[PDB]
Structures are given as structure tokens and as C-alpha cells.
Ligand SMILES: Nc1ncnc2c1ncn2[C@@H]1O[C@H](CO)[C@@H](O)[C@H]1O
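Next up: a single chain in C-alpha cells, the form deposited without the ligand.
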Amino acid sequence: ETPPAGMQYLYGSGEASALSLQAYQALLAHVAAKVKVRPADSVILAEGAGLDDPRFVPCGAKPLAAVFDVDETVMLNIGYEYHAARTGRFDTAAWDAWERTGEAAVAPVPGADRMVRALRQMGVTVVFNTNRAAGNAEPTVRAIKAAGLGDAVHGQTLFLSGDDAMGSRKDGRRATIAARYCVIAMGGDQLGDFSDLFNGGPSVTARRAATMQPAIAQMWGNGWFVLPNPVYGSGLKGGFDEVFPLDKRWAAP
């Protein structure tokens, strides 16, 4: 009669709350310095830049902005994950219904409503880039509002799956955002919220090593801001040999 451990941690624990408040505290102080001293590089990778040699879209004189994934980055999908725990169901038809009717069972990630208000008081535009469907743009706007995250506008501050022909790949939308804003901070909970190059090929152990590539490792808490998600997605993969390296194994007596 107890929910899955990952949901206990993410939705129930003070540990996960404190972890989330830490990320937004670091984001806010990073944005503050970039508002006082505008950078030369934005936080979005340039097209053609690989994970083995990263390079970024220039900041120029474009208006300052911050980009956020929606689900489990700024908004907790409590209603849907409650259904998953009750049912045991990955059901795409249930999630499509959730995208349309879930606006009254969402909550802000701890500190996300304060963080969004402070960014707008600093003159920084808040842009959402999410893989919710374009056809559900309006209920998504209402759910973001009910979570205390402000007013999103499709095509200006809200970009959805199907706005282009790239599907779940977010690089296209990131390039569109970077072409009109100078993004000084980007938040996410899965690595695809920072670059599609983490996905569509690399193995579980390769993706983990890629985060420690020196030009990439410098971004974490310093441009790229991460929130916890041990409940679903690209972080919950791999067999025994990819989770526990063979030189670090041990047996009880």
C-alpha cells in the first residue's frame, strides 16, 4: 500500500524539496550576474557543435531569457503519477487525456513559482520548451498558470512538440529560441532538455561520461540547471553491467 520508491522520494520527501530549492537558488544568482554583465556566449549549443567539441550560439544584443522544460522541471504532474502508482500503467492514451484535463492536479516544483516571479522582476523572459503536444497548447497554458508559473504564449514563450517536424527532438525549437533571445540559463530534468546529442544513440554509460566532458561539466549549475527525476524517462535505463561497474563489485560473507 505504499507508492513506488521514486515517487516517495520525488513527491513526498523533504530531501527532494531541498534539492530543488538548491537548483533554483543557483539559477537565480547566475541570472543576476549575467544581467549585470551580459555574456558573449548564450547557453544554447550552436548547430553542428558536437559533445566532443561544444560551441554555443552568441548572445549578441538579443533580449535576455531563460528556457525551461515543463514536466518535472517547473511543474509536478502529481495527478498523472498518482494514476500511474494506482494503476501500474506508460499508457499514451492516458497521458494524452492528462495533457487535456490535468490543469487542476498540478503543483510547482518547490521554488519554481518564486523563481519565475523573480526572473520577470529582473526583466528576463521566461520561455517554456516542452514535449507536450501542440494541439494541447491551451490546456497546457492553463496548467502552467494554475501551478503559479505565469502566463505562457504559444509561439512566443511556449514551444511544443509538433511546432516543427522534429518530433520529440528539442534542438530545432532551441535554435528558434536562441535565434531571437539571448538565453542565459536553461533548466531541465532529463538530458534531452539540454541537447539532443545525449540521446538517439549513446548508451547508458556513454551518456554519463558525456556529462563529465570538461566543456560540458562546466555548464552544470553554471548555465545548465538540473532538477531531480527518478520516476520516469531517460534516467531509468540500463542493466546490471551498466549500473554497477565490474571493478567495483562485492559480495557479503
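Note that residue numbering begins at 1 and tracks the sequence as displayed.
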property: Gap size, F90 back to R89 (deposited sequence, no coordinates); result: 1 to 3
property: 113-121 or 129-137, whichever carries the higher mean Cα B-factor; result: 113-121
property: Mean Cα B-factor comparison, 203-211 or 31-39, giving the higher one as deposited; result: 31-39
property: Candidate residues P63, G187, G192, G221, the one whose C-alpha B factor the record puts highest; result: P63
property: Given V70, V67, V57, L227, the residue at which the Cα B factor reaches its maximum; result: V57
property: B-factor third for the C-alpha atom of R174 within its chain; result: middle
property: Chain third (lowest, middle, highest) by recorded CA B-factor, residue given as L197; result: lowest
property: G155 - which third its CA temperature factor falls in, relative to the rest of the chain; result: middle
property: Chain third (lowest, middle, highest) by recorded CA B-factor, residue given as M75; result: lowest
property: Chain-relative CA temperature factor third for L246; result: middle
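Below, we turn to the form solved in complex with the ligand, even though it does not appear here.
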{"property": "In the bound PDB entry, the one of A146, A152, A84, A133 near the ligand [non-hydrogen atom within 4.5 angstroms]", "result": "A84"}
{"property": "Partner-proximal stretch of 74-82, 133-141, 120-128, 169-177 relative to the ligand in the bound PDB entry, 4.5 angstroms, heavy atom", "result": "74-82"}
{"property": "Touches the ligand in the bound PDB entry: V231 (any heavy atom, 4.5 Å)", "result": "yes"}
{"property": "Heavy atom within 4.5 Å of the ligand in the bound PDB entry - qualifying residues of 79-97", "result": "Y80, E81, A84, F90, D91, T92, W95"}
